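Note sheet for the following structure.
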Amino acid sequence: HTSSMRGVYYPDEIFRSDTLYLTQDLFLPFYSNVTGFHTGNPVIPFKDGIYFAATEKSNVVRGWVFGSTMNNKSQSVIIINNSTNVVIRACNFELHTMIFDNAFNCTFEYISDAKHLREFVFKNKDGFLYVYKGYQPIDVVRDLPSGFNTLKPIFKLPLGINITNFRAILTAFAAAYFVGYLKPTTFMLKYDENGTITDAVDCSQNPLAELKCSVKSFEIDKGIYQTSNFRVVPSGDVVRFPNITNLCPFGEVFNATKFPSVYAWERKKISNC
Amino acid sequence: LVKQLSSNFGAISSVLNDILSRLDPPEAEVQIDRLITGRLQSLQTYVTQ
Amino acid sequence: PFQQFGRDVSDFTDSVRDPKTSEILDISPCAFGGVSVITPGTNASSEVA
Amino acid sequence: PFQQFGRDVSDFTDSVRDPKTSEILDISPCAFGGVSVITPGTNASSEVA
Amino acid sequence: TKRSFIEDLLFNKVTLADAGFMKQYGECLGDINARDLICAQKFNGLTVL
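Protein chains in written order, with PDB author numbering: chain A, 74 to 112, 118 to 173, 190 to 208, 221 to 279, 290 to 389; chain B, 985 to 1033; chain C, 588 to 636; chain D, 588 to 636; chain E, 836 to 884.
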């Protein structure tokens, strides 16, 4: 129910030697709050970052339908794997059965044919769908086990689609989601030999992590080290106007002793008040 | 250092919140960059001293 | 009575009478500074201050 | 396999797979530096290195 | 006072600290033992530790 140091993927395709690189585009901070529907039920969560790490043995969940509002309003991406064949369709609508609903406007047809834990992270940035994959042999059935599980990118098909929801899970089944949202934060990756990270630090949870990210070191010695500067965000707002800033002649037509007749009504001009 | 703080470095003015609401944001970015460069030079001189 | 606002020695606005009413002093600077981390060693413990 | 190119600690390009075929290492920084003239003295010599 | 007459004379002739220019920078001067510590700040951000 908590992403304890889980969801660390390669932000780019750059190979780095033994060093300590500082990543800014990395997401999924450590010790987050995931929403696992340990029941499988079709739900429509939010988007702009997810962490699907279903730990169900004998994986039945093999398809996700990304896109937008259904009922033929926008395009939808339907990634489905049937008999070791990853059919990545992104043109079907909703008016194994949702694919043959309607085929009014289809484009970009791409079929790639050829316990258990399969982790996936989807990212949409500037019209680019980044898909990662990771495997880790686990045995517990309670929740997300501990570990790192370095993710591996598999597909980078943009499709130019602004995905906003995902639903339509498989049926005829235990099946959970364990999906967790992400926020833009900074990370410090330990690029070791052979292109293996194996260790990361999220500089947003504890001052110790921020200090480790500041000096670019995983082992901190004893002593005081200045890290950053704090600022107090203003809460309220106070705007005061020059007392009355002028008025307008009104006390003369309502507090007078004499008034003309109806046919001889006076027209007084009032301006710049 | 205080006098160089409240001093212009080749811009419209030396006081913030004035060059913002008098031109376009792209036009004011140049003045902001000039002021930041001047402040950085003054602070570097102060640090060297 | 004629003075509307007032500045400090650093050429920064110190106080100003309320344009509305109840003529009194005004803004004082807020809290700021450099936050530091005290670590007794990673091999020793993992708590900071 | 998924990595295309790679940089060094100094944020400079160090190696990249060959796009055509035979994915291997790539360029290294060329020879550079500054020259210096070894002069024993013009008054008693005329050869340098 | 836990000092001597010579130390008291030294602390009463050079501790002027340019009386009148303390308003430039901010300082958390005072004392904690007598409960008279005042933590002052300025908009220029210049502090003295």
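Just so you know, even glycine gets a beta-carbon here, dropped at the ideal spot from N, CA and C.
DSSP three-state assignment for residue i, whether helix, strand or coil
i, result
"A/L305", "strand"
"E/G880", "coil"
"A/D207", "strand"
"residue 187 of chain A", "There are no atomic positions for residue 187 of chain A here, as chain A continues from 173 directly to 190."
"A/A316", "strand"
"A/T96", "strand"
"A/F171", "coil"
"A/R273", "strand"
"C/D601", "strand"
"A/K332", "coil"
"A/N310", "helix"
"C/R594", "strand"
"A/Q342", "strand"
"B/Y1030", "helix"
Rounded Cβ spacing between residue i and residue j (contact assumed at less than 8 Å)
i, j, result
"A/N322", "C/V622", "Actually they do not touch by this definition, with Cβ atoms about 13 Å apart."
"A/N268", "A/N230", "7 Å"
"A/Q97", "A/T302", "5 Å"
"A/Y129", "A/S76", "6 Å"
"A/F272", "A/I166", "Contact flag wrong, Cβ pair sits at about 14 Å."
"A/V227", "A/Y82", "6 Å"
"A/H111", "A/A292", "4 Å"
"A/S320", "A/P102", "5 Å"
Residue i at chain E interface by Cβ criterion, 7 Å
i, result
"C/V596", "yes"
"B/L989", "yes"
Below-7 Å beta-carbon distance, residue i vs any chain B residue
i, result
"residue 885 of chain E", "Nothing can be reported for residue 885 of chain E, as the shown portion of chain E is limited to 836 through 884."
"E/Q876", "no"
C-alpha distance - residue i paired with residue j, whole-angstrom precision
i, j, result
"E/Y860", "E/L881", "5 Å"
"D/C617", "B/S1026", "38 Å"
"B/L1004", "A/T361", "26 Å"
"E/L845", "E/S839", "10 Å"
"B/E1013", "E/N879", "22 Å"
"B/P1009", "A/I87", "36 Å"
"A/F370", "C/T608", "28 Å"
"A/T343", "D/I614", "38 Å"
"B/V1031", "B/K987", "15 Å"
"E/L864", "C/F619", "16 Å"
"B/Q1028", "C/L612", "36 Å"
"A/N196", "A/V237", "26 Å"
"A/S136", "A/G109", "18 Å"
"B/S997", "C/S602", "22 Å"
"A/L99", "A/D318", "9 Å"
"A/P376", "C/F599", "59 Å"
"A/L305", "A/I313", "6 Å"
"A/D249", "A/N106", "12 Å"
Closer than 7 Å to chain A by CB, residue i
i, result
"C/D605", "yes"
"D/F589", "yes"
"D/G593", "yes"
"C/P616", "no"
"C/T626", "yes"
"C/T629", "yes"
Any C-beta of chain D under 7 Å from that of residue i
i, result
"A/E203", "no"
Residue-level contact to chain C via CB, residue i, 7 Å cutoff
i, result
"B/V986", "yes"
"A/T314", "no"
"E/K858", "yes"
"A/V138", "no"
"A/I340", "yes"
"A/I360", "no"
"A/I336", "yes"
Under 8 Å: do the segment 329–340 of chain A and the segment 355–368 of chain A share three or more Cβ pairs, one atom per stretch?
no
Three Cβ pairs or more, each shorter than 8 Å: is that satisfied between the segment 323–330 of chain A and the segment 162–173 of chain A?
By the criterion of at least three beta-carbon pairs nearer than 8 Å, the segment 323–330 of chain A is not in contact with the segment 162–173 of chain A.
Is it a yes or a no for the segment 122–141 of chain A touching the segment 290–298 of chain A, going by three-plus beta-carbon pairs under 8 Å?
yes
Is it a yes or a no for the segment 244–253 of chain A touching the segment 147–155 of chain A, going by three-plus beta-carbon pairs under 8 Å?
With a cut-off of 8 Å, the segment 147–155 of chain A and the segment 244–253 of chain A do not count as touching, because too few Cβ pairs lie within range.
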